[PDB]
Amino acid sequence: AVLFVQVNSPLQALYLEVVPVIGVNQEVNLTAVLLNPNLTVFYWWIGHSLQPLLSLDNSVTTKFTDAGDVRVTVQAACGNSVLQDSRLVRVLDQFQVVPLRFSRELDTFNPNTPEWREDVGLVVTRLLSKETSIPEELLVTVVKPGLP
Amino acid sequence: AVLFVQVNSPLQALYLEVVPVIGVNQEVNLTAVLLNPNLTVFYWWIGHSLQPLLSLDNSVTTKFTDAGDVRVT
Ligand SMILES: *[C@@H]1O[C@H](CO)[C@@H](O[C@@H]2O[C@H](CO)[C@@H](O[C@@H]3O[C@H](CO)[C@@H](O)[C@H](O)[C@@H]3O)[C@H](O)[C@H]2NC(C)=O)[C@H](O)[C@H]1NC(C)=O
Ligand SMILES: *[C@@H]1O[C@H](CO)[C@@H](O[C@@H]2O[C@H](CO)[C@@H](O[C@@H]3O[C@H](CO)[C@@H](O)[C@H](O)[C@@H]3O)[C@H](O)[C@H]2NC(C)=O)[C@H](O)[C@H]1NC(C)=O
Ligand SMILES: *[C@@H]1O[C@H](CO)[C@@H](O)[C@H](O)[C@H]1NC(C)=O
Ligand SMILES: *[C@@H]1O[C@H](CO)[C@@H](O)[C@H](O)[C@H]1NC(C)=O
Ligand SMILES: *[C@@H]1O[C@H](CO)[C@@H](O)[C@H](O)[C@H]1NC(C)=O
Ligand SMILES: *[C@@H]1O[C@H](CO)[C@@H](O)[C@H](O)[C@H]1NC(C)=O
């Protein structure tokens, strides 16, 4: 007689990591940050279609043929608890991309909390608009999750 | 705000349907008979490896390069 068992009772929090903006036909490297070993259950709701993708890995790679706003949802149920996080992203076509160096010292005070990164990008956008007199909602700053 | 919900509380019984014998390098059409719509969660333990396959469908198709006795769960 055989019996497979798994032991991961408590789940704390999850977060869906995805860039707020990318062009059409571009591969998106969606990440599902969660509390966990290779024993992880991930339901992925990429778009309108109900049928979710199953994954044991944190990340998936997908594309978007259409533009506009896309709802991306991820659900985690490793044990007997259900967590879920959603995020709406913009898929554009008319834009120009500029790389941006930050000062090194910031790295020594840089937690990867997405809200910290959001506020930093917002400050950069405000300063750009104040020093170029160009519209402010047409400038999107994303400061990545990397250690540098 | 968005929230996905699913509603299938009771599960009665299951049964694994598989032929008792087949040769090597032959495709096996394993079936998992269960109480259900396309909302079905299936973990497949094909052999020695712990990592199970995920499936929403009843059936899977696999092969065996080695002979002997295979545990299919
Ligand atoms: C919950 O919130 C916490 C903060 O309260 C987040 O924790 C931080 O997450 C980042 C990203 O995973 C961690 O940085 C990582 O460090 C590893 C090295 O250990 C590096 O290889 C990765 O590339 C990444 O930079 C960070 O250490 C971690 N802790 C803190 C204090 O910032 C967490 O992401 C949030 N997650 C959930 C599921 O709620
Ligand atoms: C539980 O046990 C019951 C019997 O008490 C099994 O029920 C029987 O299962 C077979 C195979 O699925 C059914 O035959 C099927 O009929 C459909 C048409 O409806 C046909 O398209 C299929 O090819 C197949 O031949 C049968 O009707 C069903 N009921 C009876 C009274 O025999 C069941 O398979 C067992 N399953 C579990 C999960 O415990
Ligand atoms: C996604 O990120 C991982 C981690 O760096 C990398 O190995 C992989 O090539 C990336 N894929 C794409 C399509 O960006
Ligand atoms: C988890 O399993 C996958 C199988 O698809 C494998 O690619 C990955 O390396 C495994 N990770 C760990 C940490 O064992
Ligand atoms: C498995 O059975 C289904 C149902 O008849 C059939 O469509 C499929 O081709 C079969 N595959 C193999 C490899 O026997
Ligand atoms: C269930 O979803 C799968 C998607 O892989 C599809 O192939 C199948 O036709 C669907 N079945 C039903 C009954 O909707």
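Residues numbered from 1 in each chain as written, not as in the entry; some residues may be left out. Chains lettered and ligands numbered in written order. Part of a larger assembly, values for the part shown. Heavy atoms only, no water.

The record names X-ray crystallography as the way this model was obtained, at a resolution of 3.900 Å.

With the PDB entry as reference, chain B is termed VPS10 domain-containing receptor SorCS2, source organism Mus musculus. In the PDB, the entry goes by the title "Structure of the mouse SorCS2-NGF complex".

The name recorded for chain A in the PDB entry is VPS10 domain-containing receptor SorCS2, from Mus musculus.

Draft legend 1. Looking closely at the site of ligand 5. Lining the immediate environment of ligand 5, one finds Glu27(B), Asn29(B) and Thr61(B). Contact between ligand 5 and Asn29(B): an oxygen atom at 2.4 Å from a side-chain N or O atom of the residue. (Near = heavy atom within 4 Å. Polar contact = N/O pair within 3.5 Å; in protein donor to acceptor, adjacent residues only side chain to side chain.)

Draft legend 2. Region of interest: the pattern of salt bridges. Residue and element names in this part refer to chain A. A full pass over the atoms with the stated rule returns 4 salt bridges over all chains. Here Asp-69 ties to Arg-90 by a salt bridge, and the two come within 3.9 Å at their closest N and O atoms. Here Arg-90 lies in strand β8 (residues 83–92) and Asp-69 lies in strand β7 (residues 68–76), a separation of 21 residues in the sequence. According to the relative accessible area criterion, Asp-69 is exposed, its value standing at 53%. On the basis of relative accessibility, which here comes to 48%, the residue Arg-90 falls in the partly exposed class. A salt bridge links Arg-104 to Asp-107; the shortest N-O distance between them is 3.2 Å. Given a relative accessible area of 22%, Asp-107 falls into the partly exposed group. (Salt bridge = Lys/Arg side-chain N within 4 Å of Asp/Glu carboxyl O. Helix = DSSP H or I, 4+ residues; strand = E, 2+ residues; numbered from the N terminus. Buried < 20%, exposed > 50% of the residue type's maximum accessible area, 1.4 Å probe, protein only.)

Draft legend 3. How the structure looks around the interface of chain A and chain B. The partner chain B presents 14 residues to the 16 residues of chain A that form the contact. Across the chain A-chain B interface, the total number found is 1 residue pair in polar contact. Counting residues per element, the ones that place at least two in the side of chain A that touches chain B are β4 (42–45), β5 (53–55), β7 and β8 of chain A. No other element matches β7(A), which puts 3 residues into the side of chain A that touches chain B. (Contact = heavy atoms within 4.5 Å.)

Draft legend 4. Broad picture of empty space enclosed by the protein. For the largest cavity, the calculated volume is near 50 Å³. In this structure, the largest cavity is lined by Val41(A), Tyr43(A), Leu54(A), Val41(B), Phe42(B), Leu54(B) and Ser55(B). Of the residues that constitute the lining of the largest cavity, the class distribution is 6 nonpolar, 1 polar and no charged. A volume near 40 Å³ is recorded for the second largest cavity. Lining the second largest cavity we find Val18(A), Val19(A), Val21(A), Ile22(A), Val28(A), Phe64(A), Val89(A), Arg90(A) and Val91(A). Elements with a contribution of two residues or more to the lining of the second largest cavity: β2 (21–23) and β8 of chain A. Here the lining of the second largest cavity gets 3 residues from one element, more than from any other, and that element is β8(A). Residue composition of the lining of the second largest cavity, grouped by class: 8 nonpolar, no polar and 1 charged. (1 Å grid on protein atoms, 1.4 Å probe; cavity = no way out; pocket = protein on both sides within 12 Å on 5 of 7 lines; lining within 4 Å. Points joined across faces, edges and corners; volume = space filled by probe spheres on them. Nonpolar A, V, L, I, M, F, W, Y, C, P; charged D, E, K, R; others polar.)

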